[PDB]
Amino acid sequence: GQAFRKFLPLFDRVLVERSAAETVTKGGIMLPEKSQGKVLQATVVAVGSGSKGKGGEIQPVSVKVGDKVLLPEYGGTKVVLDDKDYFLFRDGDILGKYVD
Amino acid sequence: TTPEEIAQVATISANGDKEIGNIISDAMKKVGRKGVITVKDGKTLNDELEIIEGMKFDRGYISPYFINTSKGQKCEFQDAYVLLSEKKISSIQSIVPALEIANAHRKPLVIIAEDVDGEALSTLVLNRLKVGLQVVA
């Protein structure tokens, strides 16, 4: 796997940083801080070593560092790193990734 | 057929008081002969006539942060957009496009609703105070 700011997740756990939630719309109308919601869009910043589905073989993590992914509404766990937020997820919990 | 006869009738029926007849004839001339006139208690010595034109209703603003004129502690706009709703406006998406169409045309917005709850109130007052767009509820 790959470690991000001295943190290597184990197994198939993936560490993501949630993107900045919107605070203004296209026409200039700006939003309150409470009603921004929880953003489901993030970028994969760290990948685990991969879960051992069967003995004698290792299954790598499908996503890689630098891929824009769509997080589910539920299932993440809190990670604090130098007073910054990050979220740990399972590999199968990520709904999909953005290619460009 | 003449307002003088109306003044005479209102003077005679009010125990010979000429001022009551004059003010009733003035009200008849102002709001029409078949008009809505209501008698109210006064806090001064002499009776007075107040003519209320347009639409007036006994409802105020939702939040006291919508005040822009400090002379009478009222809120005044000229050539303003008005939005109306029979139901209570609650969600963010139900109030944003009205703000977009008020900001794009650069016109004031007054929203007549039942009640505006916390999230839409926060959106309205934050857009009023931060960027300076004009809106009342």
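Please read every residue number as a count from 1 along the shown chain.
Yeah, the Cβs are placed from backbone N, Cα and C, and that goes for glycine too.
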(message) Going by Swiss-Prot alone, which of A:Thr23, A:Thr77 is annotated as phosphothreonine?
(response) A:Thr77
(message) So among A:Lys26, A:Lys52, A:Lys54, A:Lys78, A:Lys84, all listed as modified residues, which is physically nearest to A:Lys38 (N6-acetyllysine)? Use the C-alpha atoms.
(response) A:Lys78
(request) Could you check the modified residues A:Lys6, A:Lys52, A:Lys68, A:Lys78 and say which one's CB has the most other CB atoms within 10 Å? (result) A:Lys68
